[PDB]
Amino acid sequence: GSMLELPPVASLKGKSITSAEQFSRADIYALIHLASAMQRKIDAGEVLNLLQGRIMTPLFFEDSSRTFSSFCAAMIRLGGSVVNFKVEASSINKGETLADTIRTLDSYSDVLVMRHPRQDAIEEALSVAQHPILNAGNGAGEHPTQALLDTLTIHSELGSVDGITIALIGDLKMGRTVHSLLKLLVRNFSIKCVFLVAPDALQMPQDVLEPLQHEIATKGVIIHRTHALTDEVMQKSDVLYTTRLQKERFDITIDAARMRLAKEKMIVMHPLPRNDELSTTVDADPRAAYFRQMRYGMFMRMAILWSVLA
């Protein structure tokens, strides 16, 4: 992969990432191609030195395994460095405010990666930070880089995004992942059909669906609400994207039996982590893409960091 170019995505340069609404179809494709080239070079064992002497600081005010780790790994694999700031042993225990904490890490860093239980926390950070801030999850609001890596996953597994039927399953109300993903998909691609599969209490919120109505209508995107993985859903979906019940903010299980109803050419996705909604019996199935999904996330996050800091 040594002869592949790594052109940064210019429209991302020096900008904070807060929403899936920020990106055009052309940004996304260009991030996909960049991530793909990142993957090729890293897998061939090539050493990248694009971000030498640039610092990423993670500001994680809630738990994370994948998002924290992929961002760190992505930064390192670009030749960058990470300052390992941790909230629990910080000067917040001395009474420091969220705003002063952002200002503090912003003094040392080239980019901040921020996750916070309050939906409004990243606007607050944005209002005081000089350097780009990447939204790693703002309460039940959004998770725009998950959306990007999820789309990368779809494109690499199935070969296209236009024309798919996708089921978003589980806690759609509190799932910031499915908020960002639906936005990113409906705004930039010709989705055929979206199954919104959730108990009534946990349906996709109105504040996500409504701003999309113009695009849903002009592109003819079919939106179908269910409360179960019916036979129809199992048989038409090219992607089953399922989610964890977001317990910390307070049928639909996929197992191998349920999987014998699925199409030959489809993928099962989950942003992770999972509880019982997604059975380990599915893990050996080639259509299980939720592990590969995590590796795609590192390479997308490399495409993003390089584009922001180039």
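Just count from 1 along the sequence shown to find any residue number. Rigid core here is just the name for the largest C-alpha set that superposes within 1.5 Å across the two forms.
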Check: How do 119 to 127 and 147 to 155 compare in 6 other deposited structures of this protein: which one has C-alphas farther from this form after the rigid core is matched?
Finding: 119 to 127
Next item on the list: Using RMS Cα distance over all structures and residues, flag whichever of 208 to 216 and 160 to 168 lies farther from this form in 6 other deposited structures of this protein after a core fit.
Entry: 208 to 216
Next item on the list: May I ask whether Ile222 is missing from the deposited models in at least a third of the other compared entries?
Entry: no
Check: Any chance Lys192 is unbuilt in a third or more of the other entries we compared?
Finding: no
Checklist line | Higher-scoring stretch by recorded Cα B factor average, 251 to 259 or 27 to 35 | finding: 251 to 259
Note to self: Going by the mean C-alpha B-factor recorded in the entry, which is higher: 77 to 85 or 205 to 213?
What the structure shows: 205 to 213
Checklist line | Candidate set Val178, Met234, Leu184, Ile133 [ranked by C-alpha B-factor, highest] | finding: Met234
Check: Whose C-alpha has the highest temperature factor in the PDB entry: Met114, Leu229, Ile154, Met174?
Finding: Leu229
Notebook entry, point to check: What third of its chain, lowest, middle or highest, does the C-alpha temperature factor of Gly139 fall into?
Noted result: middle
Item checked: Cα B factor band for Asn93 (lowest, middle or highest third within the chain) -> highest
Check: If you rank every modelled residue in this chain by C-alpha B factor, which third holds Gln119: lowest, middle or highest?
Finding: highest
Notebook entry, point to check: Which third, lowest, middle or highest, does the CA B-factor of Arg274 fall in along this chain?
Noted result: middle
Item checked: Ranked against its chain, the third holding the CA B-factor of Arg54 -> lowest
